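Novice:
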Amino acid sequence: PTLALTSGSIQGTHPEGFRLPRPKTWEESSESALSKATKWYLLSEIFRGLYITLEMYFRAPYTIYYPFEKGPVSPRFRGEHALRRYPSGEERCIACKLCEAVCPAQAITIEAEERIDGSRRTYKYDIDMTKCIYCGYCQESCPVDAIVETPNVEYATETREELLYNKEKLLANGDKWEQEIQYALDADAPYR
Amino acid sequence: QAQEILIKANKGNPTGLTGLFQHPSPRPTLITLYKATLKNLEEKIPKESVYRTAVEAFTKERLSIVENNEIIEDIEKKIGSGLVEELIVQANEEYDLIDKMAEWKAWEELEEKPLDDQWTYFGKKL
Amino acid sequence: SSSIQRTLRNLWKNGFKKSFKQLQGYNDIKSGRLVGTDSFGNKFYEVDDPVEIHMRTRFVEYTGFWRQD
Amino acid sequence: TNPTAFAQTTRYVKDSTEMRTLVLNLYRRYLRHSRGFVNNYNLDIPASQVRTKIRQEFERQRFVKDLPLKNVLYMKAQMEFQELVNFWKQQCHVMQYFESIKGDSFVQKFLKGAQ
Amino acid sequence: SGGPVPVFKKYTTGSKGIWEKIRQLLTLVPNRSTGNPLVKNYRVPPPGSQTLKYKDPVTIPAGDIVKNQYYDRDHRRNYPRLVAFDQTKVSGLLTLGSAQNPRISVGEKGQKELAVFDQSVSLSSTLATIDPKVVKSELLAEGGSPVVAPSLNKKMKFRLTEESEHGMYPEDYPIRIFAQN
Amino acid sequence: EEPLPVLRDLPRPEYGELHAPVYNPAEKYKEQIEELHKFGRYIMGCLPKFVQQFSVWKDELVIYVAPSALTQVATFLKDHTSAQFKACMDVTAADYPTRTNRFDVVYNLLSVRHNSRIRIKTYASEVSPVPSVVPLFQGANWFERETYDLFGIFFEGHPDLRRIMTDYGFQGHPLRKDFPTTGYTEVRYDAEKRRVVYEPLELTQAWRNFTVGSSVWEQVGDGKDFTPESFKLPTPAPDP
Amino acid sequence: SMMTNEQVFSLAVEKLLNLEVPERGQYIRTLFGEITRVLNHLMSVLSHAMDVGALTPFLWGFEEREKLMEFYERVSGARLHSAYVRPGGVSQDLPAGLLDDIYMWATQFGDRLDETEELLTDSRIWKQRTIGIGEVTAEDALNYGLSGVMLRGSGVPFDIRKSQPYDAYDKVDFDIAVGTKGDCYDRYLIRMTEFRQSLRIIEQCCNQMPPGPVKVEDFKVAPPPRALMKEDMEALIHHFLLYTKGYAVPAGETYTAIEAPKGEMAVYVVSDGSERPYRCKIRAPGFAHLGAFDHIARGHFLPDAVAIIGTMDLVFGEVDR
Amino acid sequence: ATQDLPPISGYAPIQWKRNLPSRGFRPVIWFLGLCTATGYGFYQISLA
Amino acid sequence: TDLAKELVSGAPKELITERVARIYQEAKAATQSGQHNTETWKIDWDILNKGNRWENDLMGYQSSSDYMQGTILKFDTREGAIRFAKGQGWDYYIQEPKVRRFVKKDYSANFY
Amino acid sequence: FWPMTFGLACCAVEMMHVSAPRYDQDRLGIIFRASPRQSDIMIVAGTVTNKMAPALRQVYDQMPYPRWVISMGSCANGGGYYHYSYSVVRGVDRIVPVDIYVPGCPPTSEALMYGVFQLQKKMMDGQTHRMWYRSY
Ligand SMILES: CCCCCCCCCCCC(=O)OC[C@H](COP(=O)(O)OCC[N+](C)(C)C)OC(=O)CCCCCCCCCCC
Ligand SMILES: CCCCCCCCCCCC(=O)OC[C@H](COP(=O)(O)OCC[N+](C)(C)C)OC(=O)CCCCCCCCCCC
Ligand SMILES: CCCCCCCCCCCC(=O)OC[C@H](COP(=O)(O)OCC[N+](C)(C)C)OC(=O)CCCCCCCCCCC
Ligand code: SF4
Ligand code: SF4
Ligand code: SF4
């Protein structure tokens, strides 16, 4: 038999002790008048508050001297995009257009056809680096690891035209950062 | 008749909830509103309505528990719907509902049926 | 890592001209074991000092003097 | 909670005649604040044209017949007034409202690409 | 429990020698850590220089080569169908009972009754003309009691703790800490 | 004062092959399904004049009512002790242009009393008003202000209805399906006028609609039956 | 509160998908459901104090934020917008040695809260800025839909991690704090308690972490591993269709709420049997709070308004979704 | 093993309850110190 | 329905005067043998005689001034599409789908 | 280098972290100011909506010369995730002149400091007074 008889539930029932006791009056304060006034007139907690702040003055600060030092990075970090190659030198991308279809922001533009020697290669490949949200979906979807995000973050440009990376630019990044891409790929290969 | 009851006190010891002060006369006030609701229910709502049976189910039940439980803490744990100060507002709102429930005549035929294409989503009837 | 002793030891290990450069771009006087130099010419050190804080155990010495990129 | 300045309750009118009294009343309210509209919005035109262009937009809807269309065009009628009074729109918006502006021959549209 | 912990049991840099004794003599709470992580412990093998060779984890029933037919574990296609109960079906259930507690005749006589509630039956009329025991047994509960809103968590209860147990603010501060019970 | 352990080097558990049971996730809601079904019917029996129909999905109970049945059912669910939904969490809508009344206004109520959530669905057209629940729930003042801004629904009884999200003097209600995702206009700074001006929309790269390459096969089946065996009409058994 | 945001979309979609995350995945979403809660209160409590005047407690906590964002970046690759939690579980497994860093941070973090409670909890200037400011009654809070801390300050003991436990929140043991005065000082105390209850859950998730898959073992809703993709034909087909066509969600609708750090955050997602949501309404706690600002600020001074905004935690991305 | 897991025996417990032990003399003693300094101070003022 | 509902939608006047919508049901694709995308009715707008697409000079994008290029509506009944088009006062034209003619197919027919 | 606290959205969180103890923008003489009168750098950190656009121009006009503007993150740069929205300006350089663009979503704190360092290198290359003697 449940408490539907009184339109009550287990959930509606408050725990024991839920009702507050009678609030104390001025005659039930444990502190004497002088103790309460010595703390009040001599700013007891403020002088403590100063003292705790002064403890920090004799501690080692946290600041690092960028650009002479860098904060930690991990192999999964997402930064600047780069198009990679095989060791033999052929471009890794087979113009499969997967990354273009995942890309949440539609930052990728791929135009492809059969190469001069028959290969399935891309002749136009742009990333609108001012439209990308640096999300890593293109990297996850590439079947041949052709498009990755290098750990670079220091590439701020004076003009916005310089942030429209075309296929020449991205392949030049893949050559520049190939060694660092291998650092991250070797470390985080099994986790993908 | 002119019986004026207090629903929400504006001063007194707190109850643990902000704005809900302790009620000076918990038990008598509940009994007055339970008796009124049982009385005022039959004045306006006919018997075939399930809602009338539902209120008389527990408004009777909450009226019998209050009488036999002088200790407030025994009232709360047996009704099981919060503090006694809350039960006053439950009882009060239970009373206001019948004045509107009778007016709406909400035991009758469905006033406005849905169109044949209303509760269909993407080509399936719900 | 902030006491003048840590700056004294690093000042003596490097010598003047190396430390004067760090007093010009680095703002801190550090000394560390040289690890390697890159194609641009920057030299990368590692700090063995037991008092150096967590993220400050590696640093660079840029090729230029008045500017760093 | 209390409503903001120059606010009104949203009631769906059911009589045609009742609406026109509200519609006509609202028209002077636009006209009354016209000088203040110029002063508060620093408009480059005298208040006469401000009164001029208010009237035209009322007539644009004059010939609606069905009632449910009448209310919504009145509900949105009040809202545009309320925003204008309380200085909620910026000077850029109001200028562009009154700064708005014969079709080309067939050869001319054909010559420049048409539509 | 969350009792205070000696400073040398926390992974932060701490003083040694004469300065440790100075630090304990002058600090308000001697077991407070500076917060600077231990250089020799914190992230010492970086995420890119670990030793663990990761292997893809696979629970047996859903990763096996055998006894692993996909239609057994294809839950996305076993989703609950959407059924809406109109007034008519409530009336039919109310008058005729349920599939578990039948109140319908058998054979063609029953097939007559089910077809009655195969077209519009307003529920206002159904409650007007039916046994009052039906409402007390089907619609309402426990002999006419109402139906309280069901609880999303039948195990959601609370109880009052005290500072000797919950460790937080003492009784004077204007908040109370609720346990599970 | 023992030296701190090097947590990298401490031993780790060894596991062989892992086993995890496979069972339908919709099964664990079975008890919740019956109780919402009972309590859903209870509201319908109490108010047959208003509740058109009720539906249960897993642990969510929906009550479908007409626009003229809104204030009544909302009041009942707020004041009735068996169902004290004092807190209204969400007021929204959805556009289904195929239906005669496209907009589908949905309310979510929370009962901190009994730890329950209920949903009210009521339809609306483009011109037909809907009662405002602001007199009951003060928290719907802005949720109704937002629905009008993004759906253009007329809310009758709202003390102050106006744009809350879109710009002042924004033309069109964005979440209506006929409104294009990129809108109609865009702004730029005009040198001659010394002010930011609106111009008609013109995208340097037109939006690419990859949604055309959707699945040509139906992907999910007819579903499964999880109605409690106490809410199905019994089959009249055959005769001897 | 980045990861709890994407946890409420994952819960809603998995609810529509009739799928359940495996055991390890749920612990990770509880582990980073509380790291995210600590991240939020360090941003909210300490920026609230900064408006009131206390500049230093802001700085101390934001180094803990730097230490916590390192865990965000080490598992997902981004400090802020980690698309880590997804429908079906999490993106990738935890990197080796992450648990040993969450622990080493956890041993010390308790002292970081004390040094914050040193400057603020007992400060008479702080209590003059908050005690009696922005009072909310329980009746008013339920009416305006105030949720999270601006409902337990008013004395109501309600919490969504208890009402509808989700993602391993039913396994760990933790308490909640309930106010009694409904003012800014009560909400300050409750948040400082929610700090220490997060540090109590975080340790348990470090000790109870199980082995196994972090995502549904269902390649029709979760991408197959790259190694299996490049060697098994059916993995390549599913990898192809998951990243171009998407996965279909059975038709219907849902309303999934979680106990976000700000309050009750919920989404109303409508599915149509397709691979794209038909509707997605987002119920942001801040949006419902900001409506009640007029009802609370009535009868207060300009320096008191600054306190009420901070005690509401108004990040206006959620308000202006 | 081949995943990030806690040790066999788990991690040691950490500190998460409030740790703010009070410090300083009793309030009466500070008042006695104040009236000693005031008394001695006016002794030296009155001497000069 | 009968009302001029477009006067409350705030849509630009050009959708009534200058654009033509089309009510159609998508046809079955030759490449694939699935028959599910051809069961819902859709509304799409005609392209513009100029300015529908033009090559961006800098990066070779596809610029456009048509704000309805990526707007396709879905329905489940033909009437709902026509009613909705009527409500907005759209200048539409309906494309009746072709109906495949039934032909019985027998295994034995290869010899008889 | 006193910027103006013009944080709009999630890009502002990384802006505050530059001032946090780890990076400590103040150590380089960078103090965020709350007024155009006391600021010479405008940092657009977040999404620029249509409704916010006229206010951004007004705040920009009130900064005394010399002034520089930095665009941080993908929203300010070119719309970003919200490029195809009805209420988002596709690049703040449609409203104010931008001197340097910081890429990312959000740019890391070091990425923002690289943008600030790059601009300072440009400011040190100015020849405002030698221009008068030679170009004028
Ligand atoms: C001497 C000259 C320098 C200090 C001047 C100011 C004195 C302040 C204390 C008196 C007021 C009061 O109320 O004192 C009493 C109070 C509170 O005691 P409680 O909370 O009841 O103790 C609890 C119960 N016990 C007594 C068993 C412990 O103690 C304090 O908070 C002491 C604060 C000491 C640190 C601040 C001093 C350093 C500041 C910078 C110095 C360069
Ligand atoms: C007889 C011995 C004489 C001693 C004279 C010294 C008195 C000093 C003031 C004491 C009274 C007090 O702190 O008062 C507190 C007042 C007003 O408080 P209130 O509105 O009355 O409420 C509280 C009292 N109740 C509940 C009983 C009504 O505001 C404050 O927080 C002022 C704090 C100022 C701190 C400034 C920084 C300090 C810098 C110097 C150290 C580095
Ligand atoms: C009433 C006002 C009182 C004076 C105010 C004080 C102003 C502060 C000074 C600004 C300094 C500054 O700017 O120093 C740095 C700048 C900028 O260097 P850069 O941008 O890299 O180009 C410069 C380097 N190149 C061109 C080679 C790339 O020049 C310098 O490197 C100066 C280098 C030579 C300095 C010789 C100094 C001679 C001794 C002077 C003292 C005995
Ligand atoms: S990271 Fe994401 S947003 Fe950027 S290009 Fe790749 S898929 Fe597109
Ligand atoms: S996913 Fe990889 S292979 Fe396919 S188009 Fe993109 S870069 Fe090329
Ligand atoms: S660019 Fe990314 S991080 Fe910056 S405001 Fe836009 S969405 Fe937020």
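Chains as they are written, first to last, in UniProt numbering: chain F, 31 to 222; chain P, 9 to 134; chain C, 2 to 70; chain E, 2 to 102, 109 to 122; chain W, 2 to 182; chain X, 42 to 281; chain H, 162 to 482; chain Z, 2 to 49; chain G, 36 to 147; chain D, 69 to 204. We put the beta carbon where it would ideally sit given N, CA and C, even for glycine.
At 8 Å on the CB atoms, spell out the chain F contacts of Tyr27/C, in chain order.
Specialist: Working through the third sequence from its first residue, we reach residue 27/C at position 26. Here the neighbours are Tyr95, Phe98.
Novice: Taking Cβ-Cβ distances shorter than 8 Å, what residues in chain P pair up with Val136/W?
Specialist: Reading the fifth sequence from its first residue, position 135 is the one you call residue 136/W. Going along chain P in sequence order, the residues near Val136/W (Cβ under 8 Å) are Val58, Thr61.
Novice: Name, please, each residue of chain F whose Cβ falls closer than 7 Å to the Cβ of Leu140/W.
Specialist: Here residue 140/W is taken as the residue at index 139 of the fifth sequence, counted from 1. Result: empty, since nearest Cβ-Cβ is about 13 Å, beyond 7 Å.
Novice: Can you give me, in chain order, the residues of the stretch 103–134 of chain X that have a beta carbon less than 7 Å from any beta carbon in chain W?
Specialist: Within the stretch 103–134 of chain X, the qualifying residues are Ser123, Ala124.
Novice: CB of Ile124/F to nearest heavy atom of ligand 5: below 8 Å?
Specialist: In the first sequence, residue 124/F corresponds to position 94, counting from 1. The answer is yes for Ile124/F.
Novice: Quick check: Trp183/X and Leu255/H, are their CB atoms within less than 9 Å of each other?
Specialist: Reading the sixth sequence from its first residue, position 142 is the one you call residue 183/X. Reading the seventh sequence from its first residue, position 94 is the one you call residue 255/H. Contact flag unset, no.
Novice: Taking the C-alpha atoms as reference points, what is the distance between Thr43/F and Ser89/P?
Specialist: Against the first sequence, residue 43/F aligns to sequence position 13. Against the second sequence, residue 89/P aligns to sequence position 81. In a straight line, the C-alpha of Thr43/F is about 5 Å away from that of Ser89/P.
Novice: By the DSSP assignment, the beta strand (DSSP E) with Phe60/C in it spans what residues?
Specialist: Along the third sequence, read from residue 1 onward, the residue named residue 60/C stands at position 59. Its beta strand (DSSP E) spans residues 59–62.
Novice: Starting from the C-beta of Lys176/H, find all residues in its chain whose C-beta is less than 7 Å away, skip the five residues before and the five after it, and write them out in chain order.
Specialist: If you number the seventh sequence from 1, residue 176/H lands on position 15. Excluding sequence neighbours, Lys176/H sits near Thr415, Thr417.
Novice: Taking Cβ-Cβ distances shorter than 8 Å, what residues in chain X pair up with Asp111/G?
Specialist: Reading the ninth sequence from its first residue, position 76 is the one you call residue 111/G. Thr139, listed in chain order.
Novice: Let me see if you follow: with CB-CB separation under 9 Å, is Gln325/H close to chain X or not?
Specialist: For the purposes of this step, residue 325/H is taken as the residue at position 164 of the seventh sequence. So yes, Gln325/H belongs to the interface.
Novice: Could you tell me which uninterrupted alpha helix (DSSP H) segments, each at least 4 residues in length, are contained entirely in the stretch 343–403 of chain H, listed from first to last along the chain?
Specialist: Listed in chain order, the complete alpha helix (DSSP H) runs (minimum 4 residues) inside the stretch 343–403 of chain H are 345–368, 387–390.
Novice: Starting from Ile96/P and walking both ways along the alpha helix (DSSP H), at which residues does that stretch end?
Specialist: Along the second sequence, one-based indexing puts residue 96/P at 88. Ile96/P -> alpha helix (DSSP H) spans 92–112.
Novice: Can you give the beta carbon distance from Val92/X to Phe319/H, rounded, assuming they're within the 8 Å contact cut?
Specialist: As a working mapping, residue 92/X is identified with position 51 in the sixth sequence. As a working mapping, residue 319/H is identified with position 158 in the seventh sequence. With a Cβ gap of about 27 Å, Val92/X and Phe319/H do not count as contacting.
Novice: Which residues, in order along the stretch 82–96 of chain P, keep a beta-carbon less than 8 Å from a beta-carbon of chain F?
Specialist: Within the stretch 82–96 of chain P, the qualifying residues are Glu84, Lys85, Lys86, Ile87, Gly88, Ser89, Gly90, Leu91.
Novice: The alpha helix (DSSP H) that contains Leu108/G, what's its start and end?
Specialist: The residue given as residue 108/G occupies position 73 in the ninth sequence. No alpha helix (DSSP H) holds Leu108/G; the beta strand (DSSP E) holding it covers 108–110.
Novice: The alpha helix (DSSP H) that contains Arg185/H, what's its start and end?
Specialist: For the purposes of this step, residue 185/H is taken as the residue at position 24 of the seventh sequence. Taken as a continuous stretch (DSSP letters only), the alpha helix (DSSP H) holding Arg185/H covers 184–213.
Novice: Tell me, please, whether the CB atom of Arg24/W is closer than 9 Å to any CB atom in chain Z?
Specialist: Within the fifth sequence, numbered from 1, the residue matching residue 24/W stands at position 23. Not closer than 9 Å to any Cβ of chain Z, the Cβ of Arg24/W fails to qualify, so no.
Novice: Would you mind stating whether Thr67/P and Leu46/P have Cβ atoms separated by less than 9 Å?
Specialist: Taking the second sequence and counting its residues from 1, the one referred to as residue 67/P is at position 59. Taking the second sequence and counting its residues from 1, the one referred to as residue 46/P is at position 38. In this structure, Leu46/P lies closer than 9 Å to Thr67/P by Cβ.
Novice: Is the shortest distance between the beta-carbon of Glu101/X and the beta-carbons of chain H less than 9 Å?
Specialist: On the sixth sequence, residue 101/X is found 60 positions in, with the first residue counted as 1. Cβ-Cβ to chain H under 9 Å: yes for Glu101/X.
Novice: Pairs of beta-carbons, one from the stretch 239–250 of chain X and one from the stretch 89–98 of chain G, closer than 8 Å: are there three or more?
Specialist: With a cut-off of 8 Å, the stretch 89–98 of chain G and the stretch 239–250 of chain X count as touching, because enough Cβ pairs lie within range.
Novice: Out of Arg33/W, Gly18/W, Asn42/W, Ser50/W, which one is the CA nearest neighbour of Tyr213/F?
Specialist: Within the first sequence, the letter at position 183 stands for residue 213/F. The candidate whose alpha carbon is nearest that of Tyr213/F is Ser50/W.
Novice: Which bits of chain W does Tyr83/X rub up against, with CB to CB less than 8 Å?
Specialist: Along the sixth sequence, read from residue 1 onward, the residue named residue 83/X stands at position 42. Those are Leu140, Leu141, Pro147, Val148, listed as they occur along chain W.
Novice: DSSP on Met130/X, reduced to helix/strand/coil?
Specialist: The residue you call residue 130/X lines up with position 89 of the sixth sequence. The answer is strand: DSSP assigns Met130/X an E or B state.
Novice: Going by DSSP, which residues form a beta bridge with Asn149/X?
Specialist: What you label residue 149/X is simply residue 108 of the sixth sequence in a count that begins at 1. Per DSSP, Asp131/X, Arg160/X.
Novice: Just checking: is the beta-carbon of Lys189/D within a distance shorter than 9 Å of some beta-carbon in chain C?
Specialist: Here the question's residue 189/D lines up with position 121 in the tenth sequence. Cβ-Cβ to chain C under 9 Å: yes for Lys189/D.
Novice: Give the DSSP-derived three-state secondary structure of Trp80/G in the structure shown.
Specialist: Residue numbering aside, residue 80/G sits at position 45 when the ninth sequence is read from its first letter. Reduced to three states, the DSSP call for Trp80/G is strand.
Novice: What span of residues does the beta strand (DSSP E) with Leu35/C cover, start to end?
Specialist: As a working mapping, residue 35/C is identified with position 34 in the third sequence. Per DSSP, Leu35/C belongs to the beta strand (DSSP E) from 34–38.
Novice: Chain H beta carbons: is any one of them nearer than 9 Å to that of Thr2/E?
Specialist: Taking the fourth sequence and counting its residues from 1, one reaches residue 2/E at position 1. So, interface residue.
Novice: Quick one, which of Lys69/F, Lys66/F, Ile177/F has its alpha-carbon nearest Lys197/F's?
Specialist: Indexing the first sequence from 1 puts residue 197/F at position 167. Minimum Cα distance to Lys197/F is reached at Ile177/F.
Novice: Please identify, using Cβ separations under 9 Å, the residues of the stretch 88–111 of chain D that lie next to chain E, in order along the chain.
Specialist: For the stretch 88–111 of chain D, which is checked against every Cβ of chain E, not one residue is closer than 9 Å.
Novice: Relative to the C-alpha of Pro108/X, which residue among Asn65/X, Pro172/X, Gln212/X is closest?
Specialist: Locating residue 108/X in the sixth sequence gives position 67, counting from the first residue. Comparing Cα positions, the closest option is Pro172/X.
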